[PDB]
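The form solved without this ligand is given below as one chain in structure tokens.
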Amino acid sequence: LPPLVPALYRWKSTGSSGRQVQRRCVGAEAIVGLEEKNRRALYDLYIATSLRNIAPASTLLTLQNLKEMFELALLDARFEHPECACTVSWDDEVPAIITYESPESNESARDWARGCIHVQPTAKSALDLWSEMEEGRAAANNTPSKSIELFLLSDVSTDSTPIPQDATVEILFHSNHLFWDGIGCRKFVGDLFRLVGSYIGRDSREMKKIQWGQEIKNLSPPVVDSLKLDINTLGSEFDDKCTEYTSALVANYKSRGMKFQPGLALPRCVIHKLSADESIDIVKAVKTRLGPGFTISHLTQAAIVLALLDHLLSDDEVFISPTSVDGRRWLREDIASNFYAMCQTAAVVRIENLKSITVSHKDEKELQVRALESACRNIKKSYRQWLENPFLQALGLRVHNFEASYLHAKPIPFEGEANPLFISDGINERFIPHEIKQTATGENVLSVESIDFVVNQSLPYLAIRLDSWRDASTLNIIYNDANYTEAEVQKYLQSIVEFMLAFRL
């Protein structure tokens, strides 16, 4: 297994002015950056936010003036976090190249921001537009997505129609996954919602010009150089643990699992929003039944497994799932909480003795609870083997480099069957505010009602995401519609939800 490598991934000035820098991407970046996949938007991130106009009656909003305010916000945000204007290129190597260049002029910067914000008077939701964009893609037939763009939608006649009191404005954020992980992208949405507050109800042309060039130092530093651990100190324990992961990875590609139909078509999504009341009861049941260190994310992973067992093989089968985790805790404290580029690593969930946890929905509640509890303890114990290790972020970078190379070499890496994968997105309040306010007055202007986070799926496994907003948990399953019917995914999602609900006290 090739080593890191830190020098290989640092920012480099590409010319005399210092205004353009580039770096070879690393780890999970290399996976989502694979040229043949990135050009087809195969891992693109979308965040669908539904907002409600709760502003004072004297605040006049239109799609046209919202676009103007978000252009201003996006410029401020580019200064704070220039990942939003990085671009991608490739040579003959597997890892993508990430470039950042300061705007050549304030005019050029303004042109760029205008180019990233779009509006439509329409009744379509943000997710309706995702569907349309993916259908349109696809039909249009090979250019990588921008780091970020926004689409503002509202059911009004024109872009100068005042948005009625309590009317919905939807925003779809669309990002090339190369330049962010889910955390960084949501943090950036939060930043835009903060920054746009400066421009509601005002002389923006007269405001202090941004000194372009000065934001280069605001790019997230290279992950390798940001670690607590000195990677030069690594040895055979590190190599063995990396090999344990890559062995699990390769075996997961080849393992028995959920049947799928071969092919490739469009990414699709099925969403189940649990009520706040249900979510609070589920979280309480986890705390009570299982205690500290256990979470609804563990329970969801447990329910995924029980739903899989109920849906379906060898006596000694082990459920093995190479998952990804946020790597920020492995970064130095003064970097870790302000990191917008990809910062992901890897763990392997393992659950043995599947027969002992095989329960139907018609079995006694106590049997189901006991099965879920067993699985949760297996899940948490698994994570412990990975998360307690100080080299884990370094391992992620190294093994994900390998994974990118594997996926380049094997474009159809699953055959016949693929087990569902769980991704926890966590609590959205960490990153995005409940309201957009007029900053000068503190007045609420737009209520952020719902947040749905989607990542395009071009591989044949069910990718199951959990997050939370306003104390309500949402489960989303993203799948490719060549591989499953919507009905079977819905059936599976409902099964997972039913087991989660069964855990309630």
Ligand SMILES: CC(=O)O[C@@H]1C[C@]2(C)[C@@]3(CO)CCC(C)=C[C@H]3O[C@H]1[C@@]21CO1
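Start at 1 with the first residue shown and count on from there.
- Where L312 is followed by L313 in the displayed chain, the model omits 4 to 9 of the deposited residues that sit between the two.
- Going from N141 to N142, you skip over 1 to 3 residues of the deposited sequence that the entry leaves unmodelled.
- Look at the mean CA B-factor for 360 to 368 and for 69 to 77 in the entry; the higher one is 360 to 368.
- Looking at mean Cα B-factors across 332 to 340 and 154 to 162, the upper value is held by 332 to 340.
- Of the candidates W90, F179, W112, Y245, it is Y245 whose Cα B-factor is highest according to the PDB record.
- Looking at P420, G426, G327, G197, the one whose CA carries the top B-factor in the deposited record is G426.
- Per-chain ranking of the deposited C-alpha B factor places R268 in the highest third.
- Annotation for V21: C-alpha temperature factor in the middle third relative to the rest of the modelled chain, per the entry.
- Sort the modelled residues of the chain by CA B factor and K124 lands in the highest third.
- When the modelled residues of the chain are ordered by C-alpha B-factor, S297 sits in the middle third.
- Ranked by Cα temperature factor within the chain, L249 sits in the highest third according to the deposited record.
Keep in mind the form solved in complex with this ligand is missing from the figure; the text below concerns it.
- Residue heavy atoms within 4.5 Å of this ligand in the deposited bound form occur in exactly one stretch of 412 to 420, 322 to 330, 369 to 377, 83 to 91, and that stretch is 322 to 330.
- Annotation: in the deposited bound form, residues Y9, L234 and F402 none come within 4.5 Å of this ligand through any heavy atom.
- Taking a 4.5 Å heavy atom cutoff to this ligand in the deposited bound form, the contact residue among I31, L66, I47, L51 is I31.
- The partner is absent here; in the deposited bound form, the one residue of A41, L61, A463, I451 having a heavy atom within 4.5 Å of this ligand is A463.
- Proximity of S255 to this ligand in the deposited bound form: non-hydrogen atoms within 4.5 Å are absent; the residue sits far from the partner.
- At the 4.5 Å threshold, heavy atoms of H177 reach this ligand in the deposited bound form.
- Looking at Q344, you'd find a heavy atom of it within 4.5 angstroms of this ligand in the deposited bound form.
- Using a 4.5 angstroms limit between non-hydrogen atoms, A55 is distant from this ligand in the deposited bound form.
- Contacts of stretch 233 to 268 with this ligand in the deposited bound form, defined by any heavy atom lying within 4.5 Å, are made by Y245 alone.
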